[PDB]
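> Once you've had a glance at the structure underneath, I'll fire off some questions.
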Amino acid sequence: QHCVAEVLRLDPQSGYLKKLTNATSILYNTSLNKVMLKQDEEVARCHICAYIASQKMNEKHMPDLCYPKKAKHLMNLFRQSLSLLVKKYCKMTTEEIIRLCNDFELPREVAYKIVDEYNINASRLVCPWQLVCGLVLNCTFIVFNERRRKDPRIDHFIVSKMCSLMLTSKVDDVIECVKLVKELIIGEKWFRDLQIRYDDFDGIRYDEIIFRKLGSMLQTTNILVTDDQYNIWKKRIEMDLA
Amino acid sequence: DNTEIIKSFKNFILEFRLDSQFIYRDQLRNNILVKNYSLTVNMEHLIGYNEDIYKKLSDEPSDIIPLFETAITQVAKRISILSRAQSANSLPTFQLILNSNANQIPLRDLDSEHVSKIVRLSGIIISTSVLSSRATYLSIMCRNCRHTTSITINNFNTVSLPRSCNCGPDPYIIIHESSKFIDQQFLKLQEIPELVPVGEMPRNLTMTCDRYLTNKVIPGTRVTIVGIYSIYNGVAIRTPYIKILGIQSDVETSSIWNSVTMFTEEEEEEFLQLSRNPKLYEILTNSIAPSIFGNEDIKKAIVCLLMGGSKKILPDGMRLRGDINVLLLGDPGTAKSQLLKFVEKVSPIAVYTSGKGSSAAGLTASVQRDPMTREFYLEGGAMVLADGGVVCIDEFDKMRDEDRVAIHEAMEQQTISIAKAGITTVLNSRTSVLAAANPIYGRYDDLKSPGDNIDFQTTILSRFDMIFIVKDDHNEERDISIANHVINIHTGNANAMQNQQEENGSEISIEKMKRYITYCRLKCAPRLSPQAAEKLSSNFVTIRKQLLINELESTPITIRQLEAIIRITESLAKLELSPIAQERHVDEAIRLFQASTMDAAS
Amino acid sequence: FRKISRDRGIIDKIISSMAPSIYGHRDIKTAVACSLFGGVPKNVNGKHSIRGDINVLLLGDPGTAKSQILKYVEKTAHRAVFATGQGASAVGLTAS
Ligand SMILES: Nc1ncnc2c1ncn2[C@@H]1O[C@H](COP(=O)(O)OP(=O)(O)O)[C@@H](O)[C@H]1O
Ligand SMILES: Nc1ncnc2c1ncn2[C@@H]1O[C@H](COP(=O)(O)OP(=O)(O)O)[C@@H](O)[C@H]1O
Ligand SMILES: [Zn+2]
C-alpha cells in the first residue's frame, strides 16, 4: 500500500487519487487471481495499470501518463485478458528545456514561464539555445544572490557549468546571451513580480540603491564589516593556543 | 544539510568541558604525541551538550560517522601545523572509538527490526581466528594505456574497479609495493550459559573490527559491546551480522601473566611507611586470616612463602628454587581448606585446583592438536598457567601416578618436559605449592608412625620445608573460644568491623598488601650474611647427632631442611626490605621450624 | 504469601505438601525442604565466604522410591534440571 501510494502519487512528477488507488488495487487483484497472467515482473507492475485506471473513472489524458517494449505487450495482453549557437534553426520541446532548467534544481514555475516565452515567441528565431540560455542564467542570478553575496566562488563554477553544458571554450558569447535577453525581457509584469520576490535590482537592494543614486553620502558601501562577523571571527583566535 | 551537523559536532570537540578542565582537546593533544590516530569517547557526554546529532546518529549512523572522521582529521590538520610552529605530509583518517552503559540487550530478544541501528549487549568470547587484511589505498596501472590512476576506500573493511578507462574490460593491474592496507579479524560471541533455556544449544554471532580496535581481547573475557546490526550475503535470504563501533572489556579477567609492573608513585610512600614499621610481620600475621583462629605458627609461614626467596643462578645452570614448598597435614575442621579457598583472592596471578586435575583441567600440560590443520599446540597447564605464582591444592591423596610424577619433579626443579612423538618441550613452571591432607580416619597418626596416611612415605619428609600436625586435642574451652570468635561473623559484622577499626589502626586490607606483595616479589635483591652462616650449621649438626640416637632407638633429616631455612630466614627479613640478614629473624626461624622436628619425633 | 508465612508455623504444612508422590516419610522431605529454598551467602568484606545454598545426599536399598521425588522437584522448581550420568541423560554433567 506504501508502494501503491508511492507509484500512484508518482504521476504528478479530488476523486482521482482515491478512485485510482482503488482501481490499482482491484486491478492488481484481478490480474493475480486467475492463473492466466504470469511472468510479469513486479519491477514495473503499476503503470499501464495506472493508465487504464485513468481511462476508466471519467477523464483521461494521453500525455504525461505513460511517461517501453512490453508496455505495449502487457497493455494488449491485459486488455485481451479482461557548438550550440552556430547551429542554425534547431528545435526544442517542453521537456527538453525542462531538463536544461531542472539541471539547476530550479522550480518548475520559472521553467513554465520560459516555456510560455518560447511557445509564444519561438517564431522569429535564429537559435533558441541562446534565448533559453540567457533566460535560465537570469533566473539563476536573480534567485541565487544570497549564496553568491557571501560566496564569490560561485560565479566561476556556474558559468563554467553552462559553458560546457553547451560545449564551448569561448564564453563572451554567453555574456551576450545574458545581456541581450536582459535587453529583451526587461519590462514584463511577471519579470517584475520575480524582481520584487527575490530582490536583485542589478543584484542590490532597493532601500540601499535609492540612496546610492539619488545623491547621498549616507549610502552604505559596506567596506567595513558587520558586528556579528567579528562576534564570530573572535572564536577562531580564542583557541589560538592549540 | 550536512555541514551544519559537522559544526554542531566539531564544537563538541574543543568547546566541551566538565569539572572545569578540557577533556577531549588535550586527549587528542596527547594521542598525537602517542602517534595513535584515534581517541576514546563517551556518548553520554553528548546528550546534554547537544540533541542535534543524537536522534539522527541513532537511526542513520553510517550516514553520519565518516563525517565525524573527517571532522576529526580537520581538527588534526590545524593542530599539527600549530604544534609544529610551537616545537619541532601523511595524516590519514582516525579511527573513532566510543562506548556506553545505557543498557544491555541480549541476543535472544533481537528480531529483524531495528536493523542497521545500534544496539547494546552482553556475552562471552571464543574466536581469535587470523589477521585478515583489507585495503585502504591501492594504485592502478593499465596494461595497455600504461595509464596510472588511484583508489582509496574508507569504512567497509559499494564499488569495484573501473570497467573501462582499445584496452577491453579488465585493463587494470593492482600494484602492491605502493599500496596500503589495514587489518581486521572475525570475532565471535555467545550468551551467558546461565541465562538460557533448559534445553537447547546456544546461538552465536560473528563481528568485525579494524586497526586499533583489534587484538584487544582473548577468549573467556566477558565483554560488552555496541555495534550495528549490518548484513551481507532458503528462498531468498541474507546473513545477519554486526559491525562493531564500541568494545569494553573487564580490565583484567582471568589472570594474565603479562600483568602490570610499573606501579604509581602515590603508593610508594605508604608502602615505605609500611617498610619502616617494626610491626610489619605481626600485622601481616594479624590480617592474613582475620576471621580465623589460632595456628599463628602456620600463618607465620605464608608470609615467608609468598615473597619467595633467593633466585640464585650459577654459571652451569643449576639454579636454586627461588620459592619454597609446603604441606599442611591434618583433620576436618582446623581451617585446612578455608585458607586455601582464600589464598587465590589475595593472590595476583596464581591458580587453584583439586586433585587428579579438575574438570577439563590438566594438572600438567595435557597437550593435543588443532581443530584446524591438525597441528600441534601446547594447550594448557595448571602448573604453567601460574608461572611465577603459587598453586593451591586439596585432596593430594588421590593422585594418578603419571599425574603425580611431573608435579613431584616441579617442587624440586619447577620445570616440566614433554617429548611426545613430534613435539619436544621444556616448559618452565617456576611455581610455589600449597598442599592439603586427608588423614586416614583422622587423629591416631600421632600414636602411629609419621606416615600411615598414604603410600608416599618418601616424599613427605623429603620435598617439604613446612610440614605440621595441625590440631589441638579438643580442649574443652578452645572450642568455645573459636566458636565465639566466629559466630559474630554471620551477623553483627563485629569480626568485620574489628578489622575495619584495626585497618584504621595498624592493619592493611587485601589489595594494598597485594600490591605490596607484587612489588617486593619483583623488586628486592636479598642476600644473607656470612656472620649468619655458622648459626645454623651448629643447629644442623646438633639436631643430627640428637635424633641419631632417638631414631637409632627404632622409631626426614635431609640436606633440604638444612637448605630450607637458608631461604625462609631471608624471606622474613625480605619483608623489611632487607638486602642482608641478622639473627633477629634467624631466631624466629628455628622457633618455627622446631614444630617440624617435634612432628619429626611424632 | 506474607499472610500465610507469618501465621503460625507453615512448615508442617510444607512437608505435608512437598511431594505426595509417595506417602513415604517426613524426615528426608524435611532435609530436602531445607535444600529447596537456599540460605544466604556472605563474605567478610569479600573474604571468608560462606555458602548460603544447601546440599543433600540420600542412600538406601533400591526397593523404595529413590528416583521419583527428585524428578518431581525438577517439575516443581525454578531453573531446575534433571541431568544424569551416561545413558538417558540430557548432558554429561560437565562443560566442553
Ligand atoms: N580453625 C577454624 N576456625 C574457625 N572456623 C573454621 C576453622 N576451620 C574450619 N572452620 C569453618 O568450618 C567450615 C568447614 O571448612 P573447613 O573445615 O576448612 O573444610 P574441611 O572441614 O573439609 O577441612 C568452614 O565454613 C570454616 O569457616
Ligand atoms: N514407596 C513407593 N511407592 C510407590 N512406588 C515406589 C515406592 N518405592 C519405589 N517405588 C517404585 O520403584 C522404583 C524405585 O526406583 P529406584 O530405586 O529409584 O531406581 P534406581 O535405584 O535405579 O534409581 C521407583 O521408580 C518407584 O516407581
Ligand atoms: Zn586502459
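What follows draws every value from the coordinates through simple rules; no lab data is involved. Please note: Cβ atoms are built from the backbone with ideal geometry, for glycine as well, and neighbour counts cover all protein chains shown.
> For the stretch B:486-509, how many residues meet the condition of being part of a helix (DSSP H, G or I) and surrounded by 16 or more Cβ atoms within 10 Å (Cβ to Cβ)? Don't jump to the end; show me each part of the working.
Going through the stretch B:486-509, the residues part of a helix (DSSP H, G or I) turn out to be B:486-487, B:494-504.
From the residues that got through so far, the ones that are surrounded by 16 or more Cβ atoms within 10 Å (Cβ to Cβ) too are B:495-496, B:499, B:503.
Residues in the stretch B:486-509 being part of a helix (DSSP H, G or I) and surrounded by 16 or more Cβ atoms within 10 Å (Cβ to Cβ): 4 in total.
> Select from the stretch C:36-52 the residues that are among the basic types (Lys, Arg) and either touching a strand residue (DSSP E or B) at 6+ places or on another chain (Cβ under 6 Å) or within 7 Å of chain B (Cβ to nearest Cβ) (or both) and write down the one among them that is farthest from B:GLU511 (Cα to Cα). Can you show your working first?
Taking the stretch C:36-52 first, the residues among the basic types (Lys, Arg) are C:42, C:47, C:51.
Filter once more, keeping what is either touching a strand residue (DSSP E or B) at 6+ places or on another chain (Cβ under 6 Å) or within 7 Å of chain B (Cβ to nearest Cβ) (or both): C:42, C:47.
Values: C:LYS42: 19, C:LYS47: 12 Å.
Within the stretch C:36-52, the match that is farthest from B:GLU511 (Cα to Cα) is C:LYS42.
> So if I check each of B:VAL343, B:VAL303, B:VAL351, which one is farther than 30 Å from B:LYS448 by Cα, more than 14 Å from every other protein chain (Cβ to nearest Cβ) and in contact with a strand residue (DSSP E or B) (Cβ under 6 Å, 6 or more places away or on another chain)? Quick ask: steps written out before the conclusion?
Details: B:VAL343 fails: more than 14 Å from every other protein chain (Cβ to nearest Cβ); B:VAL303 fails: in contact with a strand residue (DSSP E or B) (Cβ under 6 Å, 6 or more places away or on another chain).
Only one candidate passes the filter, namely B:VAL351.
> Further question: In the stretch B:509-524, is there at least one residue being of a type in the set (A, V, I, L, M, F, W, C) and within 14 Å of chain C (Cβ to nearest Cβ)? Before the answer, list the steps.
Going through the stretch B:509-524, the residues of a type in the set (A, V, I, L, M, F, W, C) turn out to be B:510, B:513, B:517, B:520, B:522, B:524.
Adding the requirement that they be within 14 Å of chain C (Cβ to nearest Cβ) leaves B:510, B:513.
Within the stretch B:509-524 (the criterion being of a type in the set (A, V, I, L, M, F, W, C) and within 14 Å of chain C (Cβ to nearest Cβ)), the answer is yes, since at least one residue qualifies.
> Which number in (1) out of contact with any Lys or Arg (no Cβ under 9 Å at 6 or more places or on another chain); (2) closer than 24 Å to B:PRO193 by Cβ; (3) polar (S, T, N, Q) marks the one condition that C:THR64 misses?
Only one criterion in (1) out of contact with any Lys or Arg (no Cβ under 9 Å at 6 or more places or on another chain); (2) closer than 24 Å to B:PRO193 by Cβ; (3) polar (S, T, N, Q) is unmet by C:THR64, namely (2).
> Grab the helices (runs of 4 or more DSSP H) fully contained in the stretch A:163-242, keeping just those with 1 or more residues being of a type in the set (S, T, N, Q). Spell out the reasoning first.
Values: elements: A:172-184, A:189-198, A:206-213, A:227-238.
The helices (runs of 4 or more DSSP H) meeting that bar are A:189-198, A:227-238.
> Let me ask something else about it. Does B:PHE12 count as surrounded by 13 or more Cβ atoms within 10 Å (Cβ to Cβ) and either away from chain A (no Cβ under 14 Å) or in contact with a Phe, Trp or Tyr (Cβ under 7 Å, 6 or more places away or on another chain) (or both)?
Values: surrounded by 13 or more Cβ atoms within 10 Å (Cβ to Cβ): yes; either away from chain A (no Cβ under 14 Å) or in contact with a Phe, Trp or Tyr (Cβ under 7 Å, 6 or more places away or on another chain) (or both): yes.
The answer is yes for B:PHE12.
> Let me ask something else about it. Based on this model, can you work out whether A:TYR118 counts as over 22 Å from A:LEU84 (Cα atoms), part of a helix (DSSP H, G or I) and hydroxyl-bearing (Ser, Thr, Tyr)? Spell out how you get there, then give the answer.
Values: over 22 Å from A:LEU84 (Cα atoms): no; part of a helix (DSSP H, G or I): yes; hydroxyl-bearing (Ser, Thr, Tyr): yes.
Here the answer is no, as A:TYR118 does not meet what is asked.
> It is to be established whether one or more residues within the stretch B:426-439 are of a type in the set (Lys, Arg) and farther than 22 Å from B:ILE324 by Cα.
Our first condition is that a residue be of a type in the set (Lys, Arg); within the stretch B:426-439, this holds for B:430.
With the extra rule that they be farther than 22 Å from B:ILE324 by Cα, the set shrinks to none.
The answer is no, given that none of the residues of the stretch B:426-439 is of a type in the set (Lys, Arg) and farther than 22 Å from B:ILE324 by Cα.
For (1) of a type outside the set (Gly, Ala, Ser); (2) within 16 Å of ligand 2 (Cβ to nearest atom); (3) surrounded by 11 or more Cβ atoms within 10 Å (Cβ to Cβ), each residue gets a yes or a no:
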| position | (1), (2), (3) |
| --- | --- |
| C:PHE1 | yes, no, no |
| C:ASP7 | yes, no, no |
| C:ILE10 | yes, no, yes |
| C:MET18 | yes, yes, yes |
| C:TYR23 | yes, yes, no |
| C:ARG26 | yes, yes, yes |
| C:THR30 | yes, no, yes |
| C:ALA33 | no, no, yes |
| C:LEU36 | yes, no, yes |
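> So, restricting to helices (runs of 4 or more DSSP H) that lie completely within the stretch A:1-95, which ones have at least 1 residues that are acidic (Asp, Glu)?
On the way: elements: A:2-8, A:15-33, A:48-57, A:69-81.
Of the helices (runs of 4 or more DSSP H) lying wholly inside the stretch A:1-95, those with at least 1 residues that are acidic (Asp, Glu) span A:2-8.
> Name the residue, out of B:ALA406, B:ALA421, B:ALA382, that is buried (at least 19 other Cβ atoms within 10 Å of the Cβ), hydrophobic (A, V, I, L, M, F, W, C) and more than 16 Å from ligand 2 (Cβ to nearest atom). I'd like the intermediate steps shown before the answer.
Details: B:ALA406 fails: buried (at least 19 other Cβ atoms within 10 Å of the Cβ); B:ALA421 fails: buried (at least 19 other Cβ atoms within 10 Å of the Cβ).
Going through B:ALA406, B:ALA421, B:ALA382 in turn, just one is buried (at least 19 other Cβ atoms within 10 Å of the Cβ), hydrophobic (A, V, I, L, M, F, W, C) and more than 16 Å from ligand 2 (Cβ to nearest atom): B:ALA382.
> Can you confirm whether B:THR569 is in a helix (DSSP H, G or I) and either among the β-branched types (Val, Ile, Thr) or loosely packed, with under 13 Cβ neighbours inside 10 Å (or both)? Spell out the reasoning first.
On the way: in a helix (DSSP H, G or I): yes; either among the β-branched types (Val, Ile, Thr) or loosely packed, with under 13 Cβ neighbours inside 10 Å (or both): yes.
So B:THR569 fits the description; yes.
> Scan the stretch B:279-298 residue by residue and report those that are within 14 Å of B:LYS471 (Cα to Cα) and away from chain C (no Cβ under 12 Å).
B:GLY294, B:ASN295, B:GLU296, B:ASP297, B:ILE298
> Checking B:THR364 against (1) in contact with a strand residue (DSSP E or B) (Cβ under 9 Å, 6 or more places away or on another chain); (2) outside any loop (DSSP other than H, G, I, E, B): exactly one of these is not met. Which one?
(2)
> Tell me, which residue of the stretch B:260-310 that is farther than 28 Å from B:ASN493 by Cβ and crowded, with 19+ Cβ neighbours inside 10 Å is nearest to ligand 3 (Cβ to nearest atom)?
If we take residues in the stretch B:260-310 being farther than 28 Å from B:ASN493 by Cβ and crowded, with 19+ Cβ neighbours inside 10 Å, then B:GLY308 is nearest to ligand 3 (Cβ to nearest atom).
> Inspect the stretch B:178-196 for any residue being closer than 30 Å to B:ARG143 by Cα, more than 14 Å from chain C (Cβ to nearest Cβ), within 16 Å of ligand 3 (Cβ to nearest atom) and not in a strand (DSSP E or B) and give the result as yes or no.
Of all residues in the stretch B:178-196, those closer than 30 Å to B:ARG143 by Cα come to B:178-183.
Going one step further and asking which of them are more than 14 Å from chain C (Cβ to nearest Cβ), we end up with B:178-183.
In the following step, the residues that additionally are within 16 Å of ligand 3 (Cβ to nearest atom) were identified as none.
No, the stretch B:178-196 contains no residue that is closer than 30 Å to B:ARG143 by Cα, more than 14 Å from chain C (Cβ to nearest Cβ), within 16 Å of ligand 3 (Cβ to nearest atom) and not in a strand (DSSP E or B).
> While we're on this one: If you go through the stretch B:38-59 one residue at a time, do you hit one that is within 14 Å of another protein chain (Cβ to nearest Cβ), surrounded by fewer than 12 Cβ atoms within 10 Å (Cβ to Cβ) and not hydrophobic (A, V, I, L, M, F, W, C)? Full working, then the answer.
At the first step, the residues of the stretch B:38-59 found to be within 14 Å of another protein chain (Cβ to nearest Cβ) are none.
Scanning the stretch B:38-59, I find no residue that is within 14 Å of another protein chain (Cβ to nearest Cβ), surrounded by fewer than 12 Cβ atoms within 10 Å (Cβ to Cβ) and not hydrophobic (A, V, I, L, M, F, W, C), so the answer is no.
> Does B:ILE140 fit the bill of being within 16 Å of ligand 3 (Cβ to nearest atom) and either within 14 Å of chain C (Cβ to nearest Cβ) or touching a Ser or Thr at 6+ places or on another chain (Cβ under 7 Å) (or both)?
Working: within 16 Å of ligand 3 (Cβ to nearest atom): yes; either within 14 Å of chain C (Cβ to nearest Cβ) or touching a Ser or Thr at 6+ places or on another chain (Cβ under 7 Å) (or both): yes.
Taking the combined requirement at face value, the residue satisfies it.
> Given the criterion surrounded by fewer than 15 Cβ atoms within 10 Å (Cβ to Cβ) and within 12 Å of chain A (Cβ to nearest Cβ), identify the matching residue among B:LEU82, B:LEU28, B:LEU18, B:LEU33.
B:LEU82
> Could you tell me how many of the residues in the stretch C:30-72 are among the β-branched types (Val, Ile, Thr), over 22 Å from B:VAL486 (Cβ atoms) and touching a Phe, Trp or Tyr at 6+ places or on another chain (Cβ under 9 Å)?
Taking the stretch C:30-72 first, the residues among the β-branched types (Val, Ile, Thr) are C:30, C:32, C:40, C:44, C:50, C:54, C:56, C:64, C:69.
Narrowing the set further to residues that are over 22 Å from B:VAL486 (Cβ atoms) leaves C:30, C:32, C:56, C:64, C:69.
Next cut, touching a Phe, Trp or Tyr at 6+ places or on another chain (Cβ under 9 Å) only: none.
Number satisfying all stated conditions: 0.
> Does C:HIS78 qualify as being within 16 Å of ligand 2 (Cβ to nearest atom) and either farther than 21 Å from B:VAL198 by Cβ or not aliphatic (A, V, I, L, M) (or both)?
Details: within 16 Å of ligand 2 (Cβ to nearest atom): no; either farther than 21 Å from B:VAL198 by Cβ or not aliphatic (A, V, I, L, M) (or both): yes.
The answer is no for C:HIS78.
> Another one. If we scan the stretch B:316-328, do we find a residue that is within 16 Å of ligand 1 (Cβ to nearest atom), within 14 Å of chain C (Cβ to nearest Cβ) and among the aliphatic types (A, V, I, L, M)? Show your work before the answer.
Of the stretch B:316-328, the ones within 16 Å of ligand 1 (Cβ to nearest atom) are B:327-328.
Adding the requirement that they be within 14 Å of chain C (Cβ to nearest Cβ) leaves none.
No, the stretch B:316-328 has no match at all.
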